[PDB]
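File shown: protein_32.pdb. Contents: PDB, N, CA, C and O atoms.
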```
ATOM      1  N   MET N   1       0.853  -1.222   0.000
ATOM      2  CA  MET N   1       0.000   0.000   0.000
ATOM      3  C   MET N   1       0.877   1.256   0.000
ATOM      4  O   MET N   1       1.651   1.483   0.909
ATOM      5  N   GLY N   2       0.760   2.073  -1.014
ATOM      6  CA  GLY N   2       1.586   3.312  -1.075
ATOM      7  C   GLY N   2       0.723   4.522  -0.704
ATOM      8  O   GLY N   2       0.693   4.932   0.440
ATOM      9  N   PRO N   3       0.044   5.060  -1.687
ATOM     10  CA  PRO N   3      -0.827   6.237  -1.453
ATOM     11  C   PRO N   3      -2.090   5.824  -0.689
ATOM     12  O   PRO N   3      -2.546   4.703  -0.789
ATOM     13  N   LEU N   4      -2.654   6.724   0.069
ATOM     14  CA  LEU N   4      -3.887   6.387   0.841
ATOM     15  C   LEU N   4      -5.109   6.393  -0.082
ATOM     16  O   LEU N   4      -5.631   7.434  -0.430
ATOM     17  N   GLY N   5      -5.570   5.236  -0.477
ATOM     18  CA  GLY N   5      -6.759   5.171  -1.373
ATOM     19  C   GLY N   5      -7.987   4.750  -0.564
ATOM     20  O   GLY N   5      -8.188   3.584  -0.288
ATOM     21  N   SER N   6      -8.808   5.692  -0.181
ATOM     22  CA  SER N   6     -10.023   5.347   0.613
ATOM     23  C   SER N   6     -11.222   6.177   0.137
ATOM     24  O   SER N   6     -11.056   7.278  -0.348
ATOM     25  N   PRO N   7     -12.397   5.618   0.293
ATOM     26  CA  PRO N   7     -13.632   6.323  -0.128
ATOM     27  C   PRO N   7     -13.969   7.447   0.854
ATOM     28  O   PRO N   7     -14.920   7.364   1.605
ATOM     29  N   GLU N   8     -13.196   8.500   0.853
ATOM     30  CA  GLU N   8     -13.471   9.632   1.787
ATOM     31  C   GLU N   8     -14.045  10.824   1.016
ATOM     32  O   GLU N   8     -13.320  11.689   0.563
ATOM     33  N   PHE N   9     -15.341  10.874   0.862
ATOM     34  CA  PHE N   9     -15.964  12.009   0.120
ATOM     35  C   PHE N   9     -17.430  12.176   0.535
ATOM     36  O   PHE N   9     -17.864  11.648   1.539
ATOM     37  N   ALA N  10     -18.193  12.903  -0.236
ATOM     38  CA  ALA N  10     -19.630  13.107   0.108
ATOM     39  C   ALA N  10     -20.467  13.213  -1.170
ATOM     40  O   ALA N  10     -19.979  12.995  -2.261
ATOM     41  N   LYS N  11     -21.724  13.546  -1.041
ATOM     42  CA  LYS N  11     -22.592  13.665  -2.250
ATOM     43  C   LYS N  11     -23.866  14.445  -1.913
ATOM     44  O   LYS N  11     -24.295  15.302  -2.661
ATOM     45  N   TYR N  12     -24.474  14.156  -0.793
ATOM     46  CA  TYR N  12     -25.721  14.880  -0.412
ATOM     47  C   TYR N  12     -25.625  15.377   1.035
ATOM     48  O   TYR N  12     -24.715  15.026   1.759
ATOM     49  N   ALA N  13     -26.557  16.191   1.458
ATOM     50  CA  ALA N  13     -26.519  16.709   2.856
ATOM     51  C   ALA N  13     -27.933  17.060   3.334
ATOM     52  O   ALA N  13     -28.831  17.266   2.542
ATOM     53  N   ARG N  14     -28.133  17.125   4.624
ATOM     54  CA  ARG N  14     -29.487  17.460   5.161
ATOM     55  C   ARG N  14     -29.368  18.530   6.252
ATOM     56  O   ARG N  14     -28.846  18.281   7.321
ATOM     57  N   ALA N  15     -29.853  19.718   5.992
ATOM     58  CA  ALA N  15     -29.775  20.804   7.016
ATOM     59  C   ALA N  15     -30.345  20.316   8.351
ATOM     60  O   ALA N  15     -31.460  19.832   8.425
ATOM     61  N   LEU N  16     -29.578  20.436   9.404
ATOM     62  CA  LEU N  16     -30.051  19.976  10.743
ATOM     63  C   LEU N  16     -30.946  21.034  11.403
ATOM     64  O   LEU N  16     -31.610  20.768  12.383
ATOM     65  N   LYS N  17     -30.972  22.230  10.872
ATOM     66  CA  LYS N  17     -31.831  23.297  11.469
ATOM     67  C   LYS N  17     -32.007  24.448  10.475
ATOM     68  O   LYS N  17     -31.509  24.404   9.368
ATOM     69  N   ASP N  18     -32.722  25.474  10.857
ATOM     70  CA  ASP N  18     -32.939  26.622   9.926
ATOM     71  C   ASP N  18     -31.667  27.463   9.798
ATOM     72  O   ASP N  18     -30.960  27.693  10.760
ATOM     73  N   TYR N  19     -31.379  27.929   8.613
ATOM     74  CA  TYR N  19     -30.166  28.763   8.406
ATOM     75  C   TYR N  19     -30.541  30.079   7.713
ATOM     76  O   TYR N  19     -31.391  30.112   6.844
ATOM     77  N   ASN N  20     -29.906  31.160   8.092
ATOM     78  CA  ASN N  20     -30.220  32.475   7.460
ATOM     79  C   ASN N  20     -28.950  33.105   6.872
ATOM     80  O   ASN N  20     -27.862  32.929   7.384
ATOM     81  N   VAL N  21     -29.089  33.838   5.799
ATOM     82  CA  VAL N  21     -27.902  34.489   5.161
ATOM     83  C   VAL N  21     -28.289  35.875   4.639
ATOM     84  O   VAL N  21     -29.426  36.116   4.285
ATOM     85  N   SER N  22     -27.355  36.790   4.587
ATOM     86  CA  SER N  22     -27.684  38.157   4.088
ATOM     87  C   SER N  22     -26.616  38.646   3.103
ATOM     88  O   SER N  22     -25.730  39.399   3.458
ATOM     89  N   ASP N  23     -26.702  38.233   1.865
ATOM     90  CA  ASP N  23     -25.698  38.684   0.851
ATOM     91  C   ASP N  23     -26.104  38.228  -0.558
ATOM     92  O   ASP N  23     -25.280  38.142  -1.446
ATOM     93  N   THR N  24     -27.369  37.949  -0.768
ATOM     94  CA  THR N  24     -27.849  37.506  -2.118
ATOM     95  C   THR N  24     -26.870  36.517  -2.767
ATOM     96  O   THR N  24     -26.748  36.462  -3.975
ATOM     97  N   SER N  25     -26.172  35.739  -1.981
ATOM     98  CA  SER N  25     -25.206  34.764  -2.571
ATOM     99  C   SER N  25     -25.131  33.479  -1.734
ATOM    100  O   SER N  25     -24.298  32.626  -1.973
ATOM    101  N   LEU N  26     -25.986  33.329  -0.755
ATOM    102  CA  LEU N  26     -25.948  32.099   0.086
ATOM    103  C   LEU N  26     -27.170  31.221  -0.191
ATOM    104  O   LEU N  26     -27.899  31.431  -1.140
ATOM    105  N   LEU N  27     -27.393  30.231   0.633
ATOM    106  CA  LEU N  27     -28.558  29.326   0.425
ATOM    107  C   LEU N  27     -29.281  29.096   1.761
ATOM    108  O   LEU N  27     -28.971  28.170   2.481
ATOM    109  N   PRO N  28     -30.227  29.959   2.046
ATOM    110  CA  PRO N  28     -31.000  29.848   3.307
ATOM    111  C   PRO N  28     -31.991  28.686   3.222
ATOM    112  O   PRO N  28     -32.463  28.339   2.157
ATOM    113  N   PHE N  29     -32.313  28.084   4.335
ATOM    114  CA  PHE N  29     -33.281  26.946   4.311
ATOM    115  C   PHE N  29     -33.842  26.694   5.710
ATOM    116  O   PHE N  29     -33.586  27.436   6.638
ATOM    117  N   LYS N  30     -34.617  25.654   5.865
ATOM    118  CA  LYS N  30     -35.207  25.353   7.200
ATOM    119  C   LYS N  30     -34.714  23.995   7.711
ATOM    120  O   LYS N  30     -34.143  23.212   6.978
ATOM    121  N   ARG N  31     -34.934  23.722   8.969
ATOM    122  CA  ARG N  31     -34.491  22.420   9.562
ATOM    123  C   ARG N  31     -34.910  21.240   8.678
ATOM    124  O   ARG N  31     -35.619  21.400   7.706
ATOM    125  N   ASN N  32     -34.474  20.056   9.031
ATOM    126  CA  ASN N  32     -34.821  18.823   8.249
ATOM    127  C   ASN N  32     -34.951  19.118   6.749
ATOM    128  O   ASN N  32     -35.965  18.838   6.140
ATOM    129  N   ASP N  33     -33.933  19.675   6.148
ATOM    130  CA  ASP N  33     -34.008  19.979   4.689
ATOM    131  C   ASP N  33     -32.875  19.266   3.947
ATOM    132  O   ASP N  33     -31.737  19.300   4.363
ATOM    133  N   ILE N  34     -33.176  18.620   2.852
ATOM    134  CA  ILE N  34     -32.108  17.905   2.092
ATOM    135  C   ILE N  34     -31.358  18.887   1.189
ATOM    136  O   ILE N  34     -31.853  19.307   0.161
ATOM    137  N   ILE N  35     -30.162  19.247   1.567
ATOM    138  CA  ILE N  35     -29.364  20.195   0.736
ATOM    139  C   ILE N  35     -28.610  19.422  -0.350
ATOM    140  O   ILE N  35     -27.625  18.761  -0.085
ATOM    141  N   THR N  36     -29.070  19.501  -1.569
ATOM    142  CA  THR N  36     -28.385  18.774  -2.677
ATOM    143  C   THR N  36     -26.964  19.310  -2.858
ATOM    144  O   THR N  36     -26.734  20.239  -3.606
ATOM    145  N   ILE N  37     -26.008  18.730  -2.180
ATOM    146  CA  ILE N  37     -24.598  19.204  -2.315
ATOM    147  C   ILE N  37     -24.205  19.236  -3.799
ATOM    148  O   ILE N  37     -24.055  18.212  -4.436
ATOM    149  N   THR N  38     -24.054  20.410  -4.349
ATOM    150  CA  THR N  38     -23.688  20.529  -5.789
ATOM    151  C   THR N  38     -22.175  20.708  -5.942
ATOM    152  O   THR N  38     -21.597  20.341  -6.946
ATOM    153  N   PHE N  39     -21.527  21.268  -4.954
ATOM    154  CA  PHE N  39     -20.051  21.466  -5.048
ATOM    155  C   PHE N  39     -19.456  21.710  -3.659
ATOM    156  O   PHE N  39     -19.709  22.721  -3.034
ATOM    157  N   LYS N  40     -18.664  20.793  -3.174
ATOM    158  CA  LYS N  40     -18.050  20.973  -1.826
ATOM    159  C   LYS N  40     -17.078  22.154  -1.849
ATOM    160  O   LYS N  40     -16.470  22.448  -2.860
ATOM    161  N   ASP N  41     -16.922  22.831  -0.742
ATOM    162  CA  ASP N  41     -15.985  23.991  -0.701
ATOM    163  C   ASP N  41     -14.779  23.658   0.178
ATOM    164  O   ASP N  41     -13.704  23.363  -0.310
ATOM    165  N   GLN N  42     -14.949  23.695   1.473
ATOM    166  CA  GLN N  42     -13.816  23.373   2.386
ATOM    167  C   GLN N  42     -14.051  22.019   3.063
ATOM    168  O   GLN N  42     -13.273  21.591   3.894
ATOM    169  N   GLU N  43     -15.119  21.341   2.717
ATOM    170  CA  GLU N  43     -15.406  20.014   3.343
ATOM    171  C   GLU N  43     -15.355  20.127   4.869
ATOM    172  O   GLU N  43     -15.049  19.175   5.560
ATOM    173  N   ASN N  44     -15.647  21.286   5.397
ATOM    174  CA  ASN N  44     -15.610  21.464   6.880
ATOM    175  C   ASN N  44     -16.181  22.828   7.279
ATOM    176  O   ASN N  44     -16.795  22.969   8.319
ATOM    177  N   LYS N  45     -15.979  23.837   6.473
ATOM    178  CA  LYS N  45     -16.507  25.189   6.823
ATOM    179  C   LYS N  45     -17.747  25.523   5.987
ATOM    180  O   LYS N  45     -18.862  25.464   6.469
ATOM    181  N   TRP N  46     -17.564  25.887   4.745
ATOM    182  CA  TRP N  46     -18.736  26.241   3.890
ATOM    183  C   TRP N  46     -19.065  25.106   2.915
ATOM    184  O   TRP N  46     -18.244  24.256   2.631
ATOM    185  N   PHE N  47     -20.266  25.095   2.401
ATOM    186  CA  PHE N  47     -20.669  24.028   1.440
ATOM    187  C   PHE N  47     -21.563  24.618   0.347
ATOM    188  O   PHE N  47     -22.508  25.325   0.632
ATOM    189  N   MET N  48     -21.284  24.321  -0.894
ATOM    190  CA  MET N  48     -22.136  24.856  -1.996
ATOM    191  C   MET N  48     -23.250  23.855  -2.308
ATOM    192  O   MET N  48     -23.011  22.806  -2.871
ATOM    193  N   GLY N  49     -24.461  24.165  -1.933
ATOM    194  CA  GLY N  49     -25.582  23.219  -2.197
ATOM    195  C   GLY N  49     -26.735  23.951  -2.877
ATOM    196  O   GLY N  49     -26.663  25.133  -3.149
ATOM    197  N   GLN N  50     -27.799  23.249  -3.159
ATOM    198  CA  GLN N  50     -28.962  23.883  -3.827
ATOM    199  C   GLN N  50     -30.213  23.019  -3.603
ATOM    200  O   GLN N  50     -30.129  21.810  -3.506
ATOM    201  N   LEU N  51     -31.372  23.623  -3.524
ATOM    202  CA  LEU N  51     -32.616  22.824  -3.312
ATOM    203  C   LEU N  51     -33.805  23.473  -4.045
ATOM    204  O   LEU N  51     -33.690  23.857  -5.192
ATOM    205  N   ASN N  52     -34.947  23.587  -3.408
ATOM    206  CA  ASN N  52     -36.131  24.194  -4.092
ATOM    207  C   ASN N  52     -35.800  25.581  -4.660
ATOM    208  O   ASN N  52     -35.912  26.585  -3.985
ATOM    209  N   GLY N  53     -35.408  25.638  -5.906
ATOM    210  CA  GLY N  53     -35.084  26.950  -6.546
ATOM    211  C   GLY N  53     -34.121  27.758  -5.669
ATOM    212  O   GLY N  53     -34.239  28.964  -5.558
ATOM    213  N   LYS N  54     -33.169  27.112  -5.054
ATOM    214  CA  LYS N  54     -32.201  27.859  -4.196
ATOM    215  C   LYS N  54     -30.797  27.274  -4.351
ATOM    216  O   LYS N  54     -30.609  26.078  -4.320
ATOM    217  N   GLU N  55     -29.814  28.116  -4.513
ATOM    218  CA  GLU N  55     -28.417  27.622  -4.666
ATOM    219  C   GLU N  55     -27.449  28.625  -4.037
ATOM    220  O   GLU N  55     -27.449  29.793  -4.379
ATOM    221  N   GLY N  56     -26.630  28.191  -3.115
ATOM    222  CA  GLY N  56     -25.679  29.140  -2.471
ATOM    223  C   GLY N  56     -24.724  28.394  -1.535
ATOM    224  O   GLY N  56     -24.072  27.445  -1.928
ATOM    225  N   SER N  57     -24.617  28.833  -0.305
ATOM    226  CA  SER N  57     -23.678  28.167   0.645
ATOM    227  C   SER N  57     -24.281  28.034   2.047
ATOM    228  O   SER N  57     -25.315  28.593   2.354
ATOM    229  N   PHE N  58     -23.611  27.306   2.906
ATOM    230  CA  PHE N  58     -24.098  27.135   4.310
ATOM    231  C   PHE N  58     -23.010  26.450   5.158
ATOM    232  O   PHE N  58     -22.348  25.543   4.694
ATOM    233  N   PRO N  59     -22.845  26.930   6.370
ATOM    234  CA  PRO N  59     -21.804  26.378   7.287
ATOM    235  C   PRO N  59     -22.106  24.941   7.735
ATOM    236  O   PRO N  59     -23.246  24.528   7.848
ATOM    237  N   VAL N  60     -21.072  24.189   8.017
ATOM    238  CA  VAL N  60     -21.252  22.780   8.482
ATOM    239  C   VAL N  60     -21.898  22.751   9.873
ATOM    240  O   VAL N  60     -22.254  21.702  10.376
ATOM    241  N   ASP N  61     -22.038  23.887  10.505
ATOM    242  CA  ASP N  61     -22.643  23.919  11.866
ATOM    243  C   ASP N  61     -24.098  23.444  11.836
ATOM    244  O   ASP N  61     -24.687  23.187  12.869
ATOM    245  N   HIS N  62     -24.693  23.328  10.676
ATOM    246  CA  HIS N  62     -26.117  22.868  10.638
ATOM    247  C   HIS N  62     -26.445  22.085   9.360
ATOM    248  O   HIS N  62     -27.462  22.308   8.735
ATOM    249  N   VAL N  63     -25.612  21.148   8.992
ATOM    250  CA  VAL N  63     -25.896  20.326   7.776
ATOM    251  C   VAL N  63     -25.170  18.985   7.876
ATOM    252  O   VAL N  63     -23.971  18.931   8.069
ATOM    253  N   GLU N  64     -25.882  17.905   7.734
ATOM    254  CA  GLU N  64     -25.224  16.574   7.805
ATOM    255  C   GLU N  64     -24.861  16.121   6.392
ATOM    256  O   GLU N  64     -25.272  16.725   5.421
ATOM    257  N   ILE N  65     -24.091  15.077   6.260
ATOM    258  CA  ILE N  65     -23.706  14.616   4.895
ATOM    259  C   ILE N  65     -24.217  13.199   4.642
ATOM    260  O   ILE N  65     -23.970  12.289   5.410
ATOM    261  N   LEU N  66     -24.926  13.005   3.562
ATOM    262  CA  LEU N  66     -25.454  11.650   3.243
ATOM    263  C   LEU N  66     -24.583  10.997   2.166
ATOM    264  O   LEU N  66     -24.649  11.350   1.003
ATOM    265  N   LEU N  67     -23.766  10.051   2.545
ATOM    266  CA  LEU N  67     -22.888   9.375   1.546
ATOM    267  C   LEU N  67     -23.699   8.359   0.738
ATOM    268  O   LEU N  67     -23.441   8.130  -0.427
ATOM    269  N   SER N  68     -24.680   7.750   1.351
ATOM    270  CA  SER N  68     -25.514   6.748   0.622
ATOM    271  C   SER N  68     -26.302   7.427  -0.504
ATOM    272  O   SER N  68     -26.814   6.775  -1.392
ATOM    273  N   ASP N  69     -26.401   8.731  -0.474
ATOM    274  CA  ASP N  69     -27.155   9.457  -1.542
ATOM    275  C   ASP N  69     -28.598   8.948  -1.622
ATOM    276  O   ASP N  69     -29.139   8.759  -2.693
ATOM    277  N   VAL N  70     -29.224   8.729  -0.496
ATOM    278  CA  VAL N  70     -30.633   8.237  -0.507
ATOM    279  C   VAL N  70     -31.590   9.395  -0.197
ATOM    280  O   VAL N  70     -31.369  10.140   0.736
ATOM    281  N   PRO N  71     -32.626   9.517  -0.994
ATOM    282  CA  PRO N  71     -33.616  10.605  -0.792
ATOM    283  C   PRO N  71     -34.529  10.292   0.403
ATOM    284  O   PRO N  71     -35.326   9.378   0.343
ATOM    285  N   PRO N  72     -34.387  11.063   1.455
ATOM    286  CA  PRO N  72     -35.216  10.854   2.660
ATOM    287  C   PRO N  72     -36.563  11.571   2.507
ATOM    288  O   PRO N  72     -36.756  12.331   1.577
ATOM    289  N   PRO N  73     -37.454  11.315   3.432
ATOM    290  CA  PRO N  73     -38.790  11.955   3.394
ATOM    291  C   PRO N  73     -38.680  13.432   3.782
ATOM    292  O   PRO N  73     -38.323  13.762   4.896
ATOM    293  N   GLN N  74     -38.983  14.321   2.873
ATOM    294  CA  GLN N  74     -38.894  15.776   3.193
ATOM    295  C   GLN N  74     -40.219  16.475   2.867
ATOM    296  O   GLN N  74     -40.885  16.118   1.916
ATOM    297  N   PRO N  75     -40.562  17.452   3.672
ATOM    298  CA  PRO N  75     -41.824  18.199   3.457
ATOM    299  C   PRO N  75     -41.683  19.166   2.277
ATOM    300  O   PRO N  75     -40.589  19.492   1.858
ATOM    301  N   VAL N  76     -42.782  19.627   1.742
ATOM    302  CA  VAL N  76     -42.716  20.576   0.593
ATOM    303  C   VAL N  76     -43.842  21.608   0.701
ATOM    304  O   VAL N  76     -45.000  21.299   0.505
ATOM    305  N   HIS N  77     -43.508  22.831   1.015
ATOM    306  CA  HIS N  77     -44.555  23.887   1.139
ATOM    307  C   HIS N  77     -43.974  25.255   0.758
ATOM    308  O   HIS N  77     -43.223  25.837   1.515
ATOM    309  N   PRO N  78     -44.339  25.728  -0.409
ATOM    310  CA  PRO N  78     -43.837  27.042  -0.882
ATOM    311  C   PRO N  78     -44.498  28.179  -0.096
ATOM    312  O   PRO N  78     -45.660  28.483  -0.285
ATOM    313  N   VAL N  79     -43.764  28.806   0.784
ATOM    314  CA  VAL N  79     -44.347  29.924   1.586
ATOM    315  C   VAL N  79     -44.823  31.048   0.660
ATOM    316  O   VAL N  79     -44.240  31.299  -0.376
ATOM    317  N   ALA N  80     -45.877  31.725   1.028
ATOM    318  CA  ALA N  80     -46.392  32.833   0.171
ATOM    319  C   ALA N  80     -46.646  34.082   1.019
ATOM    320  O   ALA N  80     -47.157  35.047   0.476
TER     321      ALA N  80
END
```
Full structure transcribed into structure tokens:
Amino acid sequence: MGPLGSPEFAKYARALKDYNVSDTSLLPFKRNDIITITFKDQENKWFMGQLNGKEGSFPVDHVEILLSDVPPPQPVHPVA
């Protein structure tokens, strides 16, 4: 064994709580939300994800990572 070859990566994520952002460049959402990880950033600080017509970023302080890439049961209600 020379180089470390291991399956250490991600694919999907689920917001653990509500997140807010103020810069027209982030991705705000609510608890229990599946954040479709579209592009990892620091794999520890910020994360580029997107969901219901939303695409931006969010800190790891409130988002889990789903390696199995399985779609969990999520609610759907467009606020008006």
So that I can check the surroundings of residue 26 of chain N, please list as number ranges by chain every protein, DNA and RNA residue that reaches within 8 Å of it, counting all atoms listed in the file and ignoring chain neighbours fewer than 2 positions away.
N: 20-24, 28-29, 47, 49, 54-58
Report, in Å to a single decimal, how far apart atom N of residue 32 of chain N and atom N of residue 63 of chain N are.
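Distance reported for this atom pair: 8.9 Å.
Residue neighbourhood of residue 64 of chain N, excluding near-sequence residues (fewer than 6 positions): residues 12, 13, 14, 15 and 16 of chain N, at 6 Å, using all atoms listed in the file.
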If you count only C-alpha atoms, which residues fall within 8 Å of segment 67-72 of chain N, apart from same-chain ones fewer than 4 positions away, as a PyMOL selection string?
chain N and resi 9-12+34
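From atom CA of residue 42 of chain N back to atom CA of residue 60 of chain N, the distance works out to 9.6 Å.
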Writing C-alpha atoms and nothing else, produce segment 3-47 of chain N as an mmCIF file, in the first residue's frame.
```cif
data_model
loop_
_atom_site.group_PDB
_atom_site.id
_atom_site.type_symbol
_atom_site.label_atom_id
_atom_site.label_comp_id
_atom_site.auth_asym_id
_atom_site.auth_seq_id
_atom_site.Cartn_x
_atom_site.Cartn_y
_atom_site.Cartn_z
ATOM 1 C CA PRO N 3 -0.827 6.237 -1.453
ATOM 2 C CA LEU N 4 -3.887 6.387 0.841
ATOM 3 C CA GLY N 5 -6.759 5.171 -1.373
ATOM 4 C CA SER N 6 -10.023 5.347 0.613
ATOM 5 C CA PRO N 7 -13.632 6.323 -0.128
ATOM 6 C CA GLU N 8 -13.471 9.632 1.787
ATOM 7 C CA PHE N 9 -15.964 12.009 0.120
ATOM 8 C CA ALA N 10 -19.630 13.107 0.108
ATOM 9 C CA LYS N 11 -22.592 13.665 -2.250
ATOM 10 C CA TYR N 12 -25.721 14.880 -0.412
ATOM 11 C CA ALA N 13 -26.519 16.709 2.856
ATOM 12 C CA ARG N 14 -29.487 17.460 5.161
ATOM 13 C CA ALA N 15 -29.775 20.804 7.016
ATOM 14 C CA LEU N 16 -30.051 19.976 10.743
ATOM 15 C CA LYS N 17 -31.831 23.297 11.469
ATOM 16 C CA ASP N 18 -32.939 26.622 9.926
ATOM 17 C CA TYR N 19 -30.166 28.763 8.406
ATOM 18 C CA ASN N 20 -30.220 32.475 7.460
ATOM 19 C CA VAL N 21 -27.902 34.489 5.161
ATOM 20 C CA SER N 22 -27.684 38.157 4.088
ATOM 21 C CA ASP N 23 -25.698 38.684 0.851
ATOM 22 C CA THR N 24 -27.849 37.506 -2.118
ATOM 23 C CA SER N 25 -25.206 34.764 -2.571
ATOM 24 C CA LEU N 26 -25.948 32.099 0.086
ATOM 25 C CA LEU N 27 -28.558 29.326 0.425
ATOM 26 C CA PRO N 28 -31.000 29.848 3.307
ATOM 27 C CA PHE N 29 -33.281 26.946 4.311
ATOM 28 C CA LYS N 30 -35.207 25.353 7.200
ATOM 29 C CA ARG N 31 -34.491 22.420 9.562
ATOM 30 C CA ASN N 32 -34.821 18.823 8.249
ATOM 31 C CA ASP N 33 -34.008 19.979 4.689
ATOM 32 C CA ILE N 34 -32.108 17.905 2.092
ATOM 33 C CA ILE N 35 -29.364 20.195 0.736
ATOM 34 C CA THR N 36 -28.385 18.774 -2.677
ATOM 35 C CA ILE N 37 -24.598 19.204 -2.315
ATOM 36 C CA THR N 38 -23.688 20.529 -5.789
ATOM 37 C CA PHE N 39 -20.051 21.466 -5.048
ATOM 38 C CA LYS N 40 -18.050 20.973 -1.826
ATOM 39 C CA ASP N 41 -15.985 23.991 -0.701
ATOM 40 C CA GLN N 42 -13.816 23.373 2.386
ATOM 41 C CA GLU N 43 -15.406 20.014 3.343
ATOM 42 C CA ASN N 44 -15.610 21.464 6.880
ATOM 43 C CA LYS N 45 -16.507 25.189 6.823
ATOM 44 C CA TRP N 46 -18.736 26.241 3.890
ATOM 45 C CA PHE N 47 -20.669 24.028 1.440
#
```
